[PDB]
């Protein structure tokens, strides 16, 4: 379908673009065009409107935080994350296209494993226990907030999983 193609092309990585402007800028473009926001290291204010992204020095701005709320990001769009070195915070909220496979894909990016400190996943209806468990690879994670994830059926086992795998993790659960 047309809408399927559209979502796919919103997400697809253009490697030429990564070459031309660097990973952080290319990923900023992906996020904003898909209804997400980013905040750079060194900045208080967030980037929220695509057309207002900095023109700036080549590859100077580095993503520190991502807030994807009511966003169409999914699956291979996360390949934009591969070259990002400094991402510390990610919120996924009302991301209706995200699945366990998205979280798996994220969890396997070594660059994110090294940097990630805080994650929030809220009202993403497809996400299950499998996808949450994958996040244990984010070995430096200090805070994880899960809310309104109807696919997460075994919260107690998640609590115990993280207790051993990430003993210093602050886990906040707003789950039925």
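Numbering follows the first chain given and starts at 1.
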As the entry reports it, the stretch among 9-17 and 155-163 with higher mean C-alpha B factor is 155-163
On average, which has the higher Cα B-factor in the deposited entry, 47-55 or 66-74?
47-55
According to the deposited entry, which of 41, 114, 60, 33 has the largest Cα B-factor?
60
Residue 127 by Cα B-factor - lowest, middle or highest third of the modelled chain:
lowest
Using only modelled residues of the chain, where does the Cα B factor of residue 121 rank: lowest third, middle third or highest third?
lowest
B-factor third for the C-alpha atom of residue 135 within its chain
middle
